[PDB]
A.B. asks: 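The structure that follows is given in the form of structure tokens.
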Amino acid sequence: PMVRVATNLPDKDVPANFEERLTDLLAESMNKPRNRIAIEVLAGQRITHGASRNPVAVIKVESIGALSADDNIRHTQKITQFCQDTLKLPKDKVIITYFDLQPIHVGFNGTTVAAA
Amino acid sequence: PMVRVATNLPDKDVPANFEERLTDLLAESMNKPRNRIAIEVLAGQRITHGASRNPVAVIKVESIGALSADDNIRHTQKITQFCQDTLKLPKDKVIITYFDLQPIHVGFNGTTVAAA
Amino acid sequence: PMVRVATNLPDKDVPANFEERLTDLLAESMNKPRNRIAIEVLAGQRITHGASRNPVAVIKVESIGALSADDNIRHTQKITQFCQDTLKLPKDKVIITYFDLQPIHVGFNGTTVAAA
Ligand SMILES: O=C(O)c1ccccc1NCc1ccco1
Ligand SMILES: O=C(O)c1ccccc1NCc1ccco1
Ligand SMILES: O=C(O)c1ccccc1NCc1ccco1
Ligand SMILES: [Zn+2]
Ligand SMILES: [Zn+2]
Ligand SMILES: [Zn+2]
Ligand SMILES: [Zn+2]
Ligand SMILES: [Zn+2]
Ligand SMILES: [Zn+2]
Ligand SMILES: [Zn+2]
């Protein structure tokens with residue numbers, strides 16, 4: 001999985017252990033090994049929702065499977081609660097997109113996942 | 001919709017009302033409600049096009065529908081004109097990708113849009 | 001092609017000619033013209049892989065075709081070797097996602113690529 005979290009909160013409001021705790025959460029929810037999870041954090045960014053600059057997170061989640069309709073309800077419940085607890089965002093200020101990827105469309109260790 | 005605008009123009013060159021006006025432009029071109037529109041702006045970024053550092057915008061537009069082939073000509077015309085008027089970019093320096101999403105692949109308010 | 005390279009390496013460690021060389025590498029690997037290749041470099045960024053902050057690149061490659069299973073094998077070998085040589089990244093610290101786009105989902109010069 002490859003996760004991007006962008007927020008207009010300042011970098012100092014995203015605790016240093018954010019990536020590591022989000023990696024655990026997704027490892028568990030998506031049944032994926034921790035060494036196959038990358039997290040990007042972009043804090044202090046210009047972001048608006050409804051043209052408002054109130055605190056918000058816009059999140060992208062890519063994974064080779066583990067993203068069925070019912071999985072995504074669970075990932076969303078968990079990620080949203082996690083952003084409430086660690087970022088103090090309201091439940092309605094956490095916007096997530098999922099991308100369900102084929103193994104021919106990911107490259108790792110010098111070749112694609114399908115050709116590993 | 002969830003829109004990302006990256007530019008090598010400086011942040012001072014992307015006016016403060018940019019996100020507001022883009023939000024209005026998309027609400028109207030897409031017939032989507034203002035409160036379901038997120039805009040990220042990343043200015044002052046390293047970007048090349050044909051390896052040139054001339055001013056350019058690379059834009060991503062995600063939405064659940066409202067992105068048919070025909071819709072996208074309209075969105076492209078309006079977004080490009082808009083970048084011309086507010087960022088002074090040439091018509092041929094505005095690069096846009098559209099991502100037409102299923103509602104099981106979007107998380108908002110703690111669950112998927114499909115489960116709302 | 002529209003390529004995003006994010007890394008936790010500092011900006012001063014990603015050479016000024018990075019985007020030139022990557023533009024040539026992709027024009028050649030994908031048989032795409034240089035003037036239809038955009039590259040965004042985001043360095044200095046928070047990124048973890050396996051929760052580790054060791055040097056890493058997370059790369060997104062969008063293109064209208066030129067992304068078959070076979071093509072992606074070659075793109076991956078090339079970009080990975082290129083990251084090793086210019087960024088001193090280990091072979092297993094280059095994570096790439098490919099997005100194979102329809103021409104109705106790409107806006108350029110004020111209309112879709114499909115309608116050009
Ligand atoms: O994202 C997946 O689901 C995946 C599953 C198995 C192998 C690779 C994978 N790709 C992403 C990745 C590679 C290294 C770190 O993140
Ligand atoms: O992207 C859409 O078309 C959409 C439609 C209905 C609900 C949510 C939606 N996107 C996620 C969102 C929530 C807030 C801002 O963006
Ligand atoms: O990405 C492609 O495969 C492509 C092919 C033909 C025309 C445009 C294209 N992409 C959008 C673009 C990138 C740089 C300028 O425009
Ligand atoms: Zn599942
Ligand atoms: Zn094998
Ligand atoms: Zn600013
Ligand atoms: Zn307005
Ligand atoms: Zn038509
Ligand atoms: Zn620089
Ligand atoms: Zn060259």
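Remember, it's 1-based here, ligands and their atoms both numbered in the order they're listed. Chain identifiers are assigned alphabetically (A, B, ...) following the order of the sequence lines, protein sequences preceding nucleic acid strands; residue numbering begins at 1 within each chain. Hydrogens, waters and symmetry mates play no part in the numbers below; they use all other heavy atoms, side chains included.
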A.B. asks: Quick one: which ligand 1 atoms are inside 4.0 Å of a heavy atom on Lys32(A)?
C.D. replies: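 Listed by number with element: 2 (C), 3 (O), 5 (C).
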
A.B. asks: Just let me know how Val106(A) lines up against ligand 1, side chain, backbone, both or neither, with a heavy-atom cut-off below 4.0 Å.
C.D. replies: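 Side chain only; the backbone of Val106(A) stays clear of ligand 1.
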
A.B. asks: Provide the atom name of the closest N, O or S atom of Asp24(B) relative to the Zn ion (ligand 7).
C.D. replies: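 Of all N, O or S atoms belonging to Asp24(B), OD2 is the one nearest the Zn ion (ligand 7).
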
A.B. asks: Looking at the Zn ion (ligand 4), which N/O/S atom of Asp71(A) is the nearest one?
C.D. replies: OD2

A.B. asks: Using 4.0 Å as the upper bound for N to carboxylate O, is an ion pair formed by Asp13(B) and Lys88(B)?
C.D. replies: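 Salt bridge: no.
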
A.B. asks: Of all N, O or S atoms in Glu20(B), which has the smallest distance to the Zn ion (ligand 7)?
C.D. replies: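 The nearest such atom is OE2.
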
A.B. asks: Do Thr76(C) and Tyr98(C) pair up side chain to side chain, a donor and an acceptor below 3.5 Å, judged on atom types alone?
C.D. replies: yes

A.B. asks: Under 4.0 Å from ligand 1, counting heavy atoms only, is it the side chain of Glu62(A), its backbone, both or neither?
C.D. replies: neither

A.B. asks: Using a cut-off of 6.0 Å, state whether more than 12 heavy atoms not belonging to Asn31(C) lie near its atom CG.
C.D. replies: no

A.B. asks: Which residue supplies the protein heavy atom nearest to atom 11 (C) of ligand 1, what is that atom called, and how far is it?
C.D. replies: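 Protein heavy atom with the smallest distance to atom 11 (C) of ligand 1: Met2(A) SD, 2.7 Å.
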
A.B. asks: How far is atom 16 (O) of ligand 1 from its nearest protein heavy atom, and which residue and atom is that?
C.D. replies: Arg36(A) O, 3.2 Å

A.B. asks: Report yes if the side chains of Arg4(C) and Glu62(C) come closer than 4.5 Å at any heavy-atom pair, otherwise no.
C.D. replies: no

A.B. asks: Report yes if the side chains of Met30(C) and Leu67(C) come closer than 4.5 Å at any heavy-atom pair, otherwise no.
C.D. replies: yes

A.B. asks: What's the shortest distance from atom 4 (C) of ligand 1 to any protein heavy atom, and which residue and atom give it?
C.D. replies: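 Answer, as residue, atom name and distance: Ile64(A) CD1, 3.8 Å.
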
A.B. asks: Can you tell if the side chain of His105(B) reaches within under 4.5 Å of the side chain of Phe99(A), non-hydrogen atoms only?
C.D. replies: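 In short, these two side chains do not touch, never coming nearer than 4.5 Å.
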
A.B. asks: Quick test of your reading of the structure: of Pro103(A), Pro1(A), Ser63(A), whose heavy atom lies closest to atom 1 (O) of ligand 1?
C.D. replies: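 Minimum heavy-atom distance to atom 1 (O) of ligand 1 goes to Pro1(A).
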
A.B. asks: Are the side chain of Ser29(C) and the backbone of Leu25(C) linked by a donor-acceptor contact shorter than 3.5 Å?
C.D. replies: no

